[PDB]
Amino acid sequence: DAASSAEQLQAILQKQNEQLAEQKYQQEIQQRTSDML
Amino acid sequence: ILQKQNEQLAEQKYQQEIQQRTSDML
Amino acid sequence: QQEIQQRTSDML
Amino acid sequence: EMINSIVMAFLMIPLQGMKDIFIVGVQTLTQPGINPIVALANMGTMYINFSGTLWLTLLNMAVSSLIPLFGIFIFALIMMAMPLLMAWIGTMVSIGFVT
Amino acid sequence: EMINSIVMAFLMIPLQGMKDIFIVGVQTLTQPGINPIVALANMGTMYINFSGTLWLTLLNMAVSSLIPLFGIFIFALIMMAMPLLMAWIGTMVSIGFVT
Amino acid sequence: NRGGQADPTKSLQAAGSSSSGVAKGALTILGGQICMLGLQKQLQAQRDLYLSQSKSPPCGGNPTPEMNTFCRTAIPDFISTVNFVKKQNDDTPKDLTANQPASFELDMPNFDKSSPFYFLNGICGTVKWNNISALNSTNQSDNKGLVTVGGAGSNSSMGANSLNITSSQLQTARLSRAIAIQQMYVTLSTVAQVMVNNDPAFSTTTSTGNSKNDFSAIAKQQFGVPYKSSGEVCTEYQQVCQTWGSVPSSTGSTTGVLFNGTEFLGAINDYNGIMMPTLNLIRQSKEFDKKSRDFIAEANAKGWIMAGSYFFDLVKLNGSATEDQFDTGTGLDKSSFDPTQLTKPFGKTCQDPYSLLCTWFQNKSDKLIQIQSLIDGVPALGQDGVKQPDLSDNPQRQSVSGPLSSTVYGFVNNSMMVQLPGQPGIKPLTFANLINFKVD
Amino acid sequence: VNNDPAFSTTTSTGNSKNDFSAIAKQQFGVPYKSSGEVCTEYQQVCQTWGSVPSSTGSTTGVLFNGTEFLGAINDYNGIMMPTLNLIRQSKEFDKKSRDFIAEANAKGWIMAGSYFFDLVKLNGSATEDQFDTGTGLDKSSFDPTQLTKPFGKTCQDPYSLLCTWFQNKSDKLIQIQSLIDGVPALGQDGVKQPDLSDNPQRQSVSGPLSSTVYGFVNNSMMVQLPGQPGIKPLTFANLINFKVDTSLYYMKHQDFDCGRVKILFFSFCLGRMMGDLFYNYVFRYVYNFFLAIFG
Amino acid sequence: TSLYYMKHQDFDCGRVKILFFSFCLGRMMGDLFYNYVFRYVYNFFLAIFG
Amino acid sequence: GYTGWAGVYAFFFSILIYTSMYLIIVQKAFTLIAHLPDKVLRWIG
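Residues numbered from 1 in each chain as written, not as in the entry; some residues may be left out. Chains lettered and ligands numbered in written order. Part of a larger assembly, values for the part shown. Heavy atoms only, no water.

Just to check I follow, could you spell out the overall build of chain G for this structure?
The helix and strand inventory of chain G stands at seven helices and four strands. Scanning chain G from its N terminus toward the C terminus, one meets helices and strands in the order β-β-α-α-α-α-α-α-β-β-α. The C-alpha atoms of chain G give a radius of gyration of 30 Å, which is well past the 19 Å a tight globule of 295 residues would have. Each principal axis of the C-alpha atoms in chain G carries an extent, and together these give about 110 × 50 × 45 Å. Taken across its 295 residues, chain G has 31% of its residues classed as buried. Entry remark: accessible area of chain G is about 19100 Å², with carbon and sulfur atoms responsible for 60%. Taken as two groups, the 24 positive and 26 negative side-chain charges of chain G have centres that lie 5 Å from each other. (Helix = DSSP H or I, 4+ residues; strand = E, 2+ residues; numbered from the N terminus. Rg over C-alpha atoms; globule rule 2.2 N^0.38 Å. Buried < 20%, exposed > 50% of the residue type's maximum accessible area, 1.4 Å probe, protein only. Areas by Shrake-Rupley, 256 points an atom, 1.4 Å probe, with all protein chains shown as cover. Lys, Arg positive; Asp, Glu negative; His and termini not counted. Charge placed at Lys NZ, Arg CZ, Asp CG, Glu CD.)

Following this line, the structure appears as structure tokens:
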């Protein structure tokens, strides 16, 4: 129903901010590499 | 449809690799 | 509350 | 590109808009059983829902020319548009105001 | 040569076109047998046609009179023209839908 | 009283009609992503050259404290810091009964207060989007209880039906435009990365490879141009444009194309697909209402000397006796993108509001004018190039050809030419030749 | 004026980071929302007052709560309530509303209709706080450029004696101008005169621009008071839409051919500075001047 | 009339050196082409126009 | 068949006369309110 479709949307939202969570982890590695190199 | 077009782009792609290897050979 | 930091700058 | 977008605008306003409201009007009235008075009322609302939006977009672009030296084109066009310009715009408004 | 052309295009509206269409109306009515109703309809349509086409050529040209420091003044020209200009175009518009 | 889905190609008209600017918003965010990644790579390179000379001024010697700070500070990711869900829920009150904010602004890129680059915020444009005011109205919402959509018989903003919504479902209904723009952002991120990687000037690696085969100075490989179904250059929209291609002998040689011309329209129809549920729940008889009959009772209590004032009510009854969804008012049109702002502070001496940028650059503009040539071409493809495209329904659009097809703006113009696999749904001017306009 | 480091007799002994800008050691701040978030547009409701997040090395402490200007308007009003109160002295219905009847009797009938509306305002009577206006402070005028009108290579009437003592150096008045509106100690962009009429769509001055008296006055009049919000945001916005962009018609910088001429030992490229003063500095500057006025 | 008033700019001195001469091309340039031509004409304009 | 936008002029004309048509078919359609009672007085009286 309407609610279930909304829950599917928030599931897409959740996978999206999980993608962003990967993203914020994906620069301090490169920064420490600039310093190490 | 989309599959058809990127297959066609891939088909057109397989002609210039020879000429770039040719230039490297010059 | 600024008094502390111009004080600081002075004795620096 | 200003000249371009300008003339597309002031050539599209009468024919495109005017024709599409006419065809939607005939499409609604030709249906069997549809109440006609409310139908003409709605097409009046389309008249007085697109004429003035086009009118204030002419606001936008005519002002938005402002180009130094030549900018008078926006004058030239406009003034010897204004009669036939109004000819359609008033035409549109009157339709709605009647129906 | 632009102002030569603008004077030329601002001179032929009444004389050339309007006289010629009245002449062709005369010859189409003078023969006994042609339906007069369809006749006046016919020169009415060619008559609005000539009026609108000439009007759009002036559209084009008064837009293309954009010479710096001087196209302002073709614009003064169309300004002091638009009353008597409006007079002739009034003749063709009114007689067009009348006939 | 007793008795008297959505076509992929039809959405192109929906992109802009002087009342919707979703395509303009997409263009703004795409150009913004070009701005983030480009500015990132230029600062990265410049910083590497600065620390590689950490024995000489300005990073050495006796730096000004600002240049010292720039030398010490690393360069973060602007793409990572930009999202719209968090800015939206920061803007709206946590209380679910108060009136929601009418509009939301998002300067791009996005830094917080502790970030020492706050002045760079907004250098890459700004996006704007309004709330869905249909649900902003008083709908008997509760912090923890249950909410009901207004049906028939009351002052309602949604359709003539009643649905039950809890707190979670309703707040997720608030984020419709939020994750909308978010999915735009994620779907154009790859395109922006490809585009910034395609420019040789952005290849910080000192590559001595084939410099004679690059399509242009700003791209080794062209993006390509619209192509008609038969397979020739679709210069004008009037002939149908379906496929994507290259151009032969562009600069003495032809290079591969990296796209289909369907990434932009791809973003738009994912946008429409995810909005479809939300507006669908807003719209949820419709052809009949009980309110049309209630006026009779007052008409009895009322008299006959006002009969005329119910006239249009009566037509509302006797007539009834004889008797593709796209978002409107999204607000992405209100966004803005100026490309000139990176070179704004530069001059004899550098000025606000981004003087400090010019001070790190020591008043050189080369790296930033490279960004401008990426966005719209100037000057690496002539002193004048392509302009901001008109994203409204323009059936007289002309696709840009040659090297200028390899800029961001020209690529956008070319992409809004092509026709999606769905049947065409854009009506050209019926008589364009009938209004000719001859100027040169 | 005491906040301005330009008027400080002693110079800065530490880094410029402890200062806010060249015109303010401590910034005054800008309006903030009820949530404490940055206020940019008056349409959003901004109540509190706070320090700008911009940090050139440090975040200086603010001085004003932003309620000084409106507080002045309030005490002004409160001390006018007396005079208009004793001028105010029901009043809509009065005894002399009847006096015309006897005169009408004396006149006759051939003028009856002349009493028509009078009769009306009698028939109603049987069948049925204020703030100042015209005080003329709008006629007042302020001009800052009058500090600099005299000066020149040789300067003239009517205040040439400022020149005569100043030996025709006007910089000591140019920091005054930059104090009024931030030109040019903080750029020649400046801040426009804030109109005092009711403008629901007003942009708060952001960045170091807020540290001038003109920008401070601008930012000081949107901060709503709990007493009575007398301004209603427009209900016709996003209906009459105007997208006018001031960027298509803008002259940008050019790098010119540095064509070096040598006067017998002296190398200098006169083409480039002819380019960079004639065009980049005169034509461009005046163009962006009219452009900012237009903006 | 003061809203448009055009101020007096202080240009960087265009130091030019002849074998033993030195003077400002740029500064006198701005002073005379602009500070006393353009300013002068436009000021005569506003003065009459007020 | 009408050449050029001449027929287009016809187009505008038709709907103008349409609405005016509709208007008079309106205006004369509700005179009866005060137009019949006089002749009611006429025939009975």
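This is not the end of the story, as more comes after the structure.
Sorry if this is basic, but what is going on with the packing of aromatic side chains here?
Here the distance between the centres and the angle between the planes together describe a pair of aromatic rings. Inspection of the entire model under this criterion finds 30 aromatic pairs over all chains. With centroids separated by 4.8 Å and ring planes inclined at 35°, the aromatic side chains of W5 of chain I and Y9 of chain I adopt a geometry described as tilted. A relative accessible area of 8% means that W5 of chain I is categorised as buried. Feature note: the residues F22 of chain D together with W5, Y9, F11 and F12 of chain I constitute an aromatic cluster, connected by ring pairs. Across the ring face of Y281 of chain G, the terminal group of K348 of chain F is positioned such that the distance to the ring centre comes to 3.4 Å. Positioned over the ring face of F166 of chain G is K172 of chain G, at 4.2 Å from the centre of the ring. (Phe/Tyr/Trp six-rings, centres within 6.5 Å; stacked < 30°, edge-to-face > 60°. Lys NZ or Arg CZ within 6 Å of the ring centre and 35° of its normal.)

Just to check I follow, could you spell out the packing of helix 1 (residues 2-36) of chain A against helix 7 (residues 167-174) of chain F for this structure?
Angle between the axes and distance between the axes are the two parameters that describe a pair of packed helices. It is the contact of helix 1 of chain A with helix 7 of chain F, at a shortest axis distance of 10 Å, that shows an interaxial angle of 60°. By the criterion of interaxial angle, the relationship of helix 1 of chain A to helix 7 of chain F is oblique. Helix-helix and strand crossings are classified by hand; for helix 1 of chain A and helix 7 of chain F the assignment is left-handed. On helix 7 of chain F, the residues that touch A3, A6, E7 and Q10 of chain A of helix 1 of chain A are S168, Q169 and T172 of chain F. Its residues assigned to classes, the contact of helix 1 of chain A with helix 7 of chain F comprises two nonpolar, four polar and one charged. (Axes fitted to C-alpha atoms, helices over the stretch in contact; angles between N-to-C directions. Parallel < 35°, antiparallel > 145°, perpendicular 65-115°, else oblique. Left-handed = near helix turned anticlockwise from the far one by under 90°. Contact = heavy atoms within 4.5 Å. Nonpolar A, V, L, I, M, F, W, Y, C, P; charged D, E, K, R; others polar.)

Sorry if this is basic, but what is going on with the pairing of strand 1 (residues 103-107) of chain F here?
Every other side chain in a regular strand lies on the same face of the sheet, so the side chains alternate between the two faces. All names here are of chain F. Burial along strand 1 is one-sided: the residues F104 and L106 are buried and none of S103, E105 and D107 is. In terms of strand pairing, strand 1 meets strand 2 (residues 126-130) through five bridges, oriented antiparallel. Residue pairing across strands places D107 opposite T126, the latter belonging to strand 2. (Pairing = 2+ DSSP bridges.)

Looking at this model, I keep getting lost on the interface of chain E and chain F. Mind explaining?
The extent of an interface is frequently quoted as the accessible surface area lost upon association of the parts. If you look at the interface, chain E gives four residues, while chain F gives six residues. It is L56, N60 and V63 of chain E in chain E that bury the most area against chain F; as a group they hold 88% of the surface buried on that side. The interface formed by chain E and chain F includes zero salt bridges. Summed over the shared surface of chain E and chain F, the result is one residue pair in polar contact. (Buried area = accessible area lost by both parts, 1.4 Å probe. Salt bridge = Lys/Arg side-chain N within 4 Å of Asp/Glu carboxyl O. Polar contact = N/O pair within 3.5 Å; in protein donor to acceptor, adjacent residues only side chain to side chain.)

What should I look at first to understand the nonpolar core in this one?
Generally speaking, soluble globular proteins have nonpolar side chains that are buried together. Membership of the largest hydrophobic core comes to 93 residues, with the highest contact counts inside it found for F84, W129, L357 and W360 of chain F. What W129 of chain F contacts, discounting residues up to four positions off in sequence, is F84, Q88, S103, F104, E105, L106, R177, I181, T330, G331 and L332 of chain F. Ranked by size, the runner-up nonpolar core spans 31 residues in total, among them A9, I21, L77 and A81 of chain D. (Core = buried A, V, L, I, M, F, W, Y, C linked by side-chain atoms within 4.5 Å.)

How should I be thinking about the state of the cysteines in this particular structure?
Covalent bonding between the sulfur atoms of two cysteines defines a disulfide. As enumerated under the stated definition, the model contains eight disulfides over all chains in all. Covalent S-S linkage joins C234 of chain F and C241 of chain F, the inter-sulfur distance amounting to 2.0 Å. Across the disulfide from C234 of chain F to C241 of chain F, rotation about the S-S bond amounts to roughly -75°, and the bridge is consequently left-handed. Comparing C234 of chain F with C241 of chain F, the two get one shared label, buried. Disulfide pairing is shown between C258 of chain G and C269 of chain G; the S-S distance is 2.0 Å. Between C258 of chain G and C269 of chain G the disulfide shows an S-S torsion of about -110°. By sign, it is left-handed. Placement of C258 of chain G in the loop between helix 6 (213-220) and strand 3 (261-263) and of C269 of chain G in the loop between strand 4 (266-268) and helix 7 (270-294) is noted, with a sequence separation of eleven residues between them. For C258 of chain G, a relative accessible area of 33% translates into the label partly exposed. Judged by its relative accessible area of 6%, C269 of chain G falls in the buried class. The connectivity of the disulfide bonds within chain G can be written as 1-2, 3-4, 5-6, using the sequence rank of each bonded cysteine. Sequence-ordered numbering of the disulfide-bonded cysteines in chain F gives the connectivity 1-4, 2-3, 5-6, 7-8. (Disulfide = S-S within 2.5 Å.)

Before we go on, may I ask you to explain the arrangement of the chains in this structure?
Out of twelve pairs of chains that touch, the pair holding the most contacts is chains G and H. Here chain A and chain E are not in contact; the least distance found between their C-alpha atoms is 54 Å. In this assembly chain C lies apart from chain E, the nearest approach of their C-alpha atoms being 62 Å.

It is not clear to me how the interface of chain H and chain G should be interpreted in this structure. Could you clarify?
Each side of the interface is counted separately: chain H has 22 residues, and chain G has 18 residues. Contact between chain H and chain G buries roughly 1800 Å² in total, counting both sides, with carbon and sulfur atoms accounting for 75%. For chain H, the biggest contributors to the area lost against chain G are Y5, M29 and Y36 of chain H; these three give 23% of the whole. Seen at the junction of chain H and chain G, the total is zero salt bridges. Joining chain H to chain G, the criterion identifies one residue pair in polar contact. For the side of chain H that touches chain G, the secondary structure elements donating two or more residues are strand 1 (15-18) and helix 1 (25-49) of chain H. Ranked by the residues each element gives to the side of chain H that touches chain G, the list is headed by helix 1 of chain H, at seven residues.

Keep in mind that these numbers describe shape and distance, not what the molecule does.
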